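Everything on this sheet refers to the single structure shown next.
All Cβ positions, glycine included, derive from the backbone under ideal geometry; neighbour counts span all protein chains shown. No value in this document is a laboratory result; all are computed from the given coordinates.
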Amino acid sequence: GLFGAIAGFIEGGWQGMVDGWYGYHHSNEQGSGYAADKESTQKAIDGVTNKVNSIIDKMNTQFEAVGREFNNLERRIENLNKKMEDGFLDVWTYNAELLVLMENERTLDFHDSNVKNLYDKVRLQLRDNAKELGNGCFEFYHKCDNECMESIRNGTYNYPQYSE
Amino acid sequence: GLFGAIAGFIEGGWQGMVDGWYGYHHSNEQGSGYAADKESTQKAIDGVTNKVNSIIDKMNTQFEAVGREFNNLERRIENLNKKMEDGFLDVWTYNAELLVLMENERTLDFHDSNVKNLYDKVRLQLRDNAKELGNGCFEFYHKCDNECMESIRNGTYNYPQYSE
Amino acid sequence: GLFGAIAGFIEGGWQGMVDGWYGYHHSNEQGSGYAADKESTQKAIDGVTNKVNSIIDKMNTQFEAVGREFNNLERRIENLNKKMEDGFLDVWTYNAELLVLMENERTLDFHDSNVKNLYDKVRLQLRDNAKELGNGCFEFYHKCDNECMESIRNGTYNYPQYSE
Amino acid sequence: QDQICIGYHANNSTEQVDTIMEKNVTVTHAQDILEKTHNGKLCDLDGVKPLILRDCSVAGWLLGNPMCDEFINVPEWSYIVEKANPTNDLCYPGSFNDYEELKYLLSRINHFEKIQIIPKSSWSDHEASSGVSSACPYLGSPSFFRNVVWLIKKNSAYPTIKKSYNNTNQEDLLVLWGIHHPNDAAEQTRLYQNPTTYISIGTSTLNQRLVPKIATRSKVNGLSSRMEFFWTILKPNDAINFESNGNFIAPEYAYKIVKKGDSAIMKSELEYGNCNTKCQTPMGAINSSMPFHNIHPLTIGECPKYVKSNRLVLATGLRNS
Amino acid sequence: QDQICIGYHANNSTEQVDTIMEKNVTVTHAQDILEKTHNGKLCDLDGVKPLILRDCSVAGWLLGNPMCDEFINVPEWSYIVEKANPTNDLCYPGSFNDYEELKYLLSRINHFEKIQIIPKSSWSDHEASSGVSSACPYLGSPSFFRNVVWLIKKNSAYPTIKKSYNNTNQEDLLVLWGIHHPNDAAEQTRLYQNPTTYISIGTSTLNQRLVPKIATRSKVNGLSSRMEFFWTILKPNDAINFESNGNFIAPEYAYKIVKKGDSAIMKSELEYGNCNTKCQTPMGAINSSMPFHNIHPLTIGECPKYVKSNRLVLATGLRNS
Amino acid sequence: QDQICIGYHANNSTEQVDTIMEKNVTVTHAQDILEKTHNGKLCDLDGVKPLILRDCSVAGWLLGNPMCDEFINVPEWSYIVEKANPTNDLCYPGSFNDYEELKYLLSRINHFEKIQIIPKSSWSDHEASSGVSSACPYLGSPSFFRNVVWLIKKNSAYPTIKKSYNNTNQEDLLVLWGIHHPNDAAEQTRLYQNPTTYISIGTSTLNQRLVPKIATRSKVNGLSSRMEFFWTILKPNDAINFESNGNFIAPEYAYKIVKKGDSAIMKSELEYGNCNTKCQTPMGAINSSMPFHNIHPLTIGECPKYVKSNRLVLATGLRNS
Ligand SMILES: CC(=O)N[C@H]1[C@H]([C@H](O)[C@H](O)CO)O[C@@](OC[C@H]2O[C@@H](O)[C@H](O)[C@@H](O)[C@H]2O)(C(=O)O)C[C@@H]1O
Ligand SMILES: CC(=O)N[C@H]1[C@H]([C@H](O)[C@H](O)CO)O[C@@](OC[C@H]2O[C@@H](O)[C@H](O)[C@@H](O)[C@H]2O)(C(=O)O)C[C@@H]1O
Ligand SMILES: CC(=O)N[C@H]1[C@H]([C@H](O)[C@H](O)CO)O[C@@](OC[C@H]2O[C@@H](O)[C@H](O)[C@@H](O)[C@H]2O)(C(=O)O)C[C@@H]1O
Ligand SMILES: *[C@@H]1O[C@H](CO)[C@@H](O)[C@H](O)[C@H]1NC(C)=O
Ligand SMILES: *[C@@H]1O[C@H](CO)[C@@H](O)[C@H](O)[C@H]1NC(C)=O
Ligand SMILES: *[C@@H]1O[C@H](CO)[C@@H](O)[C@H](O)[C@H]1NC(C)=O
């Protein structure tokens, strides 16, 4: 983990969250539950969709090999032809594999980035009103009803809510 | 935002700061104001200047196409010539566009990195002496004169300054 | 520094730590000392070893130039031959240099990432039990014996340890 | 008490991808961008059927090797399939000038229309139905290439030939002819009376003089003699002029180029499957939405991009413990 | 009370760039690295003016087509411009041996100096001022290529020629000559008396024997006859030897190669603008500090790098709401 | 009181690397991946020694230039080294057909075995030991190429030759022969009696007729005459047939191709060092574990990857103040 969120301070993944890539898990008075953060899940699906399509669009005009033949006294240009077509098909094989290796990584570190940016979305809201457990969870200094969870889940949480 | 600073917890940009890429905005007893962090603005201008010049220097010996002609009974090598020159000019077009796409990104995430690293420059100095508002701003637990702002603005802030 | 750890809030390096890339430096009742974090030192050595070998494996089938000769009335294909072999050997020189420039950077930012992820390993454990000095160090609100340092050094620190 | 926790997706997929710093990494979701399967058949290309030379070569087809009658008339094709070593080629031993250059032209053509430009019956002062050989048998009897006629003397005489044909079509004409190289001076006179002969050929553009080479050679297909063939493209309204006093292998049928277009000459031992496709390789056709493939570099049609890899998987999802 | 805030720059620029994960992203500052404009002219290159063949081909120039007198003497050039289909080429129909190989040599040369190596007046026993044709008219009268002379018989006689020229210059010599292919045996004797003729040519390196091909061909520019031209580079102190008893098209003027260098043969319908430049493309010159361009791949001079793109913009600044 | 601090490694290394945004950056640990040193020698390749033509060319070797006796018999080689301008080539002036195509074949061969296919003693009706020239001296006396014999007349007579050789070996045969081009008709009869001569050559595949070109040329190595050489690959069980009534330079020794394989023709002024290697360049051998090098692109053996750079350093460690 480059940002350290995924498989770092958060030990693993939540099987129960079949609603998206990033989300939450609360447990207040009115029960537990899961909710997919449709916000960051969208700026992520937008990411890889454009990424896949860009990798494909960057290589639609690549290199086509055409068939040419040569007689017994044209061994030089035949070899030139052979190595020149093998040449381009090698570099494009390199270009494809290398772009995949490089963008698979920037893909994983992108999900790590989003989690790190969601834990910080909540952390930069519940300043004193909670304690950072450090395993990925927070614990409130007040009770948080099912309408309190929603205000955090959409960006505007009210600070006026006492302490200890 | 990969680091989440720009357009993340900081909603937008400060039009009034026509002095550089990164800076501050205070509002104490003696008024408001802006000041360009000439520190991180320099390690950033150094960044993209070298980046532009490196992108250009990496491609000064590219591929030149020269004119060659062939008669009606040299259609094979003519095609070989055609596709071999089209070949190199395709890969170099790929190399240029791909390097731009990849470095435009590492450029944006670089400004995001610097802001994230400036908010942490201040945050790692005004530990208890302020409260992190979370929108990009801090609020002091004491008064901060126009000489107090400068000590933070150049790296050494004095902790002995009481609380609440 | 992209993550800001190395040469950021931590001014420099610890010459005395000849045991690895990342580690600690304590100073309790029973003396000072150094200890290499064999944990993150391993996920780092695994990183660059695979990186070096991948850079090498991505380019084992590159482009070989073979010797071909041409007479005084074959100046066209001779030039074609010349520029086609110069062509591939240019792009592969580009591919090598460019991959090194790009991966040297993702290498430095990788060590910056690991330090940032180790300072956060400790910080997300000693929540109230210490004060973040901000220069890379922490100061305890209790005494920390040579068995207290080890619990932090391997992942499970006990919170029940009073305050001020 | 009360809690709030931030986490991420996970599931049961075992699919792995590679990165620069780490191989074999399992993820939640992925996308394979490499098509690795074909149908092992030679199909029509968008409904237009290929021309599958079977045990005939391009030369055997174009010259009309008697063992190649299957291709006497040939409809529009999409691509041409030739075996690596066609057994029916130059039944009469010899050579074919600028053959690979002709083969290349063929990859630029989609349809020929055979037409009779000089009927075998028009030869009044030479023999035209005795130009046969055991080297080129048809159903057990001595025959010859169908599109050209091997003229010999008549009543102990070979008057010098002056034959001319004007391309009055709107299409280019592929015109083939040949010269015969005997094995000795006796054979020369036996076939042509005249001891010292030539064949001149002219167009707007072509200006050649051929003289036969009477010489001792090693037997091939039973013969020491040779037949050597030539060709040219006759442009509309241009004419071709033949003059010869022996050894002339005159044209009879030629080919109107009625459809130029994108085409190919595939080398494949495969034969006609009964199918249709958008992408054809020499080892089988492809039907895919994949952006890449690894089946064969020489390809025709709207195809994925060829790549030497055996696996290419893009990571869409995230890490999975 | 008291506050401190960390923020970033922003402004009014609408300029956008692309990344892998996102297109059309507005930024504070950017840099376009792609020059997309030329002047639509053919300029001098660093003060040395190009040679613009107008409706003349390289062959028309070098052989001296009468319609090409504009190029009888030609100063040092920087590059050569030829039209796609020059109308003044081989006025007398025929061919030019190793033409593309000569054209390539030309792209390696910057200046020829025409010199008389065999004066037309030196032919005492052959006619030298009757070698003209309606195919090559000058101001309405029958003429011929200026640099070579078409010799014919004199007083019903064509003595065999033995002519020799020694390159006593310090520069390589480009030497052109030709052979004439008549249409019938009557024309052969009418021009040359001798029925069976040849042209031998020798140097250190060259050793050729040419025999004319008397044959029936289709009329081009009114004629069925052909002129076929040859060339060689004569190295300093080497000599060229001609022997012929007919059909010889003798050299008169040749070209000292006085300046080898980097050059080109541009195919362009454009003509001489009146300008100067550091970078010239076939559709116009370039004046730029940009590292790239997208105007034309075939280029000459200190030029940007060609790329097929239509936009290439680098992001220097940062994101802008 | 009590403390805990997180930090990183540092040391004394001054080694620097480059990144995109910054040059000359010092680090703790690095890895240079660019081999920049060779031994400046021409070594054996995995224990098999190269064939170093010294002042002889491939043609001088294969034809048997008397100044090239060092190579009369030549063991299996790994690669071939030829100088840029070998002084011993065609001692008798002339040319060598399809020379570069032969040179290419050579890079595909590792061993020839010289064998006598037509002994000089077998010529009963022609002179075979007078075919010598001052152009090709051996220890001061007139000599000739060793592998071919320059036959001349005998008792004022040159009966037409009919010679045939059948390749009864299991290896391909490289067979060389030539024709002699005299300077005048007197020399022609002086050497061969017959004024009008030819050389026909046939195999399964080859069917050529050569006629000498008697003509005036500039002296090279003292002579105006020329020798022109030809070759072919004779396949097992095929035969080659020569017929000639003059100017024939008959084969005597030919080369069994006993070992096809990967090889090369290096252009290098260097000579035999006394060493062994896995990787050889024309300026010296390489012994390295590096994945890259910058010594020379034309290379042979298990070698690093060639790259035009002068420095390529990978960063393994981290930043170092
Ligand atoms: C038109 C004609 O004359 N066809 C002949 C043919 C030709 O004469 C011959 O090919 C010359 O090119 O000869 C053929 O018989 C050849 C026969 O001759 C024997 O002498 C030889 O030993 C056999 O192997 C065989 O070649 C032929 O069939 O080609 C007969 C044909 O009628
Ligand atoms: C040197 C010379 O004889 N010039 C002649 C030229 C040559 O004789 C001819 O080109 C042979 O190559 O002939 C020209 O007149 C040709 C004229 O002849 C008619 O028969 C024909 O029907 C016309 O179309 C036309 O070709 C010529 O101008 O080239 C005349 C020239 O004087
Ligand atoms: C087989 C034979 O006749 N060898 C001759 C050789 C040939 O006759 C000649 O090369 C023809 O190709 O002639 C040589 O002497 C040549 C000698 O002749 C003078 O006239 C000339 O002025 C000298 O420069 C020189 O060329 C020869 O050595 O090649 C002699 C040889 O015996
Ligand atoms: C072919 O025929 C047309 C029309 O009859 C004629 O005008 C043309 O000149 C002919 N071509 C030749 C080369 O004779
Ligand atoms: C050309 O002239 C020079 C000097 O007169 C002479 O030495 C040289 O041999 C000549 N070249 C030829 C091939 O005759
Ligand atoms: C060469 O010799 C073999 C065996 O004697 C024979 O069968 C073969 O036909 C010969 N080759 C030729 C072309 O004569």
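Mean residue ellipticity, 222 nm, helices only, chain F: the sum of -39500 (n - 2.57) across DSSP H runs of n ≥ 4, divided by residue count and rounded to 500, is -2000 deg cm²/dmol.
Count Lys and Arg as plus one, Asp and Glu as minus one, and take only other residues whose Cβ is under 11 Å from that of D:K308; the net charge is then -3.
Comparing Cα centroids, the stretch A:111-131 and the stretch E:1-75 end up 50 angstrom apart. If only the Cβ of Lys and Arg carry +1 and only the Cβ of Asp and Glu carry -1, the dipole of the stretch F:1-130 around its Cα centre is close to 200 debye.
Peptide A:13-20 has a mean of 4 when you count, residue by residue, the C-beta atoms of other protein chains within 10 Å of its C-beta.
Positive end of the dipole of chain B (Cβ unit charges, origin at the Cα centre): among B:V66, B:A36, B:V100, the Cα lying farthest that way belongs to B:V66. Among DSSP beta bridges lying fully in chain D, give the percent that are antiparallel, nearest 5. Here the antiparallel bridges make up roughly 75 percent for chain D.
For a straight C-alpha distance cut-off of 16 angstrom, the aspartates and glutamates reachable from E:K120 (same-chain residues fewer than eight places away being disregarded) are E:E252.
Quick check on chain B: of the DSSP beta bridges with both residues there, what percent are antiparallel, nearest 5%?
Numbers: 8 of 9 bridges.
Of those bridges, close to 90 percent are antiparallel.
About its Cα centre, the dipole of chain B is roughly 320 debye, where the only charges are +1 on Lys and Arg Cβ and -1 on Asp and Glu Cβ. Sorted from shortest to longest, the distances between the E:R209 label points of this copy and the other copies are 1.3, 1.3 nm, with each point 7 Å from Cα along the line through the beta carbon. Legend: translational diffusion of the protein assembly as shown by Stokes-Einstein, Rh = Kirkwood radius over C-alpha pairs, 4 °C, 1.567 mPa s; D = 34 µm²/s. For the stretch C:51-143, the calculated P(r), taken from all Cα-Cα distances in 10 Å bins from zero up to the bin holding the longest distance, is 12, 23, 16, 14, 12, 9, 7, 4, 1, 0 percent. Note on chain E: with a GNM built from Cα contacts shorter than 10 Å, the maximum mean-square fluctuation among E:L45, E:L34, E:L139 falls on E:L139. First check a/c for the stretch F:124-205, with a ≥ b ≥ c the square roots of the eigenvalues of its C-alpha gyration tensor; if it is under 1.5, answer rounded, and if not, answer prolate when a/b is larger than b/c or oblate otherwise. Judged from the Cα gyration tensor, the stretch F:124-205 comes out oblate (a/c at least 1.5, b/c at or above a/b). If one computes the Cα centroid of the stretch D:236-287 and of the stretch F:108-177, what distance in Å separates the two points? With the stretch D:236-287 and the stretch F:108-177 each reduced to a Cα centre, they are spaced 46 Å.
Between copies, E:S156 shows label-point distances of 3.9, 3.9 nm, shortest first, with the point placed 7 angstrom from Cα along Cα to C-beta. For chain D, the Cβ-based charge dipole about the Cα centre amounts to some 800 debye (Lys, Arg positive; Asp, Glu negative; other atoms uncharged).
What Kirkwood Rh does the stretch F:1-128 have if only Cα atoms enter the pairwise 1/r average? Answer in Å. Could you put the intermediate results ahead of the total?
Values: mean 1/r = 0.0482 Å⁻¹.
Over the stretch F:1-128, the inverse of the mean reciprocal pair distance is 20.8 Å.
Within the straight-line cut-off of under 25 Å between alpha carbons, the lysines reachable from A:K131 are A:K116, A:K121, A:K143, B:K116, B:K121, B:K131, C:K116, C:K121, C:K131, C:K143, sequence neighbours fewer than 8 places apart in one chain being disregarded. Of all the options B:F138, B:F70, B:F88, the one that moves most in a Gaussian network model of chain B with Cα springs shorter than 10 angstrom is B:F70.
Against the main long axis of the alpha-carbon atoms of chain B, helix B:75-123 sits at an angle near 0°. Taking label positions 7 Å along the Cα-Cβ direction at both B:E29 and F:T87, the computed distance is 9.8 nm, reported to one decimal.
Once label points are set 7 Å from the Cα along Cα→Cβ at both E:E269 and F:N287, what is their separation, rounded to one decimal in nm? Placing both labels 7 Å along Cα→Cβ, they lie 6.7 nm apart.
Determine the shape class of the stretch D:49-270: with a ≥ b ≥ c the square roots of the Cα gyration tensor eigenvalues, call it rounded for a/c under 1.5, and otherwise prolate if a/b is greater than b/c, oblate otherwise.
Numbers: a/c = 1.94, a/b = 1.33, b/c = 1.46.
Cα axes put the stretch D:49-270 in the oblate bin.
The stretch B:11-89 and the stretch A:18-33 have Cα centres separated by 44 Å.
Chain F comes nearest to the axis taking it onto chain E at the Cβ of one residue; that residue and its distance, in whole Å, are F:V211, 6. Distance between the modelled labels on E:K308 and D:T37, one decimal in nanometres: 3.2 nm (7 Å Cα→Cβ projection).
Using a Gaussian network model of chain B in which every pair of alpha carbons under 10 angstrom is joined by a spring, one finds that among B:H142, B:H25, B:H111 the greatest mean-square fluctuation is at B:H142. Label-point spacing at D:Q3 relative to the other copies reads 3.7, 3.7 nm, in ascending order, each point sitting 7 Å out from Cα along Cα→Cβ.
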